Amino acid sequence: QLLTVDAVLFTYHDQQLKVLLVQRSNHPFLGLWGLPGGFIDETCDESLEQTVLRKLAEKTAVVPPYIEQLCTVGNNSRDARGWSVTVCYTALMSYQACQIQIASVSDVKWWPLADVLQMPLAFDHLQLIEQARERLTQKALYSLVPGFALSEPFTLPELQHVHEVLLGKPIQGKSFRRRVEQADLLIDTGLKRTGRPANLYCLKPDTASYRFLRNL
């Protein structure tokens, strides 16, 4: 079987969800945009995660701070060359961590999600994006994983807004703050960003695994 690993890497910028895409310099679906991803390299990859982090770093020059397996798709119809299997990951990083290393490259671009949803993407990659986007919605409901799409440190209004974008729905500021404070997942830097001086926070590592039992 044709066995690949792919990643839907999201960030948040100006002021929408953006998804990292790579133009296919390679037949089939040649010249079309699609997910970063590809083949396992046994000489440098020791696990599937190392495979997907390498494929991301080959494009961004950064290992993203958040990554999680989404799904594995495999069947005899998604790819014209043969039965193929793709292990798909979701990732999150901040926009400026790698826009500094990605301006200078023409086959790698951050695309507005809305734009992407109207594009002719290679293979079944549109469908993988939709699945990733939907899992992100659940992350907005049960975690602070959306914080990984922001540059560090961030304000709590920033964090709230990313969650609102994902749920497509204004959310209840004071409930949110209450849940954040009790999760005990943010480090208050003691710094301020100012028409009000807002506290600047970093994510604790354990944000990645922490889940609220009740929805937002």
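Throughout, we count residues from 1 along the sequence that is shown.
- Going from residue 194 to residue 195, the model skips 1 to 3 deposited residues, which lack coordinates.
- For the pair 138 to 146 and 103 to 111, the mean B factor over Cα atoms is greater in 103 to 111.
- The stretch with the higher mean CA B factor, choosing between 112 to 120 and 73 to 81, is 112 to 120.
- Listed residues 26, 47, 155, 151 were ranked by CA B-factor as deposited; 26 comes out on top.
- Highest C-alpha temperature factor among 132, 126, 98, 92, as the PDB entry reports it: 98.
- Residue 215: CA B factor in the highest third of modelled residues in this chain (values from the PDB entry).
- For residue 186, the recorded CA B-factor ranks within the middle third of the chain. Only modelled residues enter the ranking.
- Per the PDB record, residue ranking by Cα B-factor puts residue 180 in the highest third of the chain.
- Compared with the other modelled residues of the chain, the Cα B-factor recorded for residue 52 ranks in the lowest third.
- When the CA B factors of the chain's modelled residues are split into thirds, the value for residue 166 lands in the middle one.
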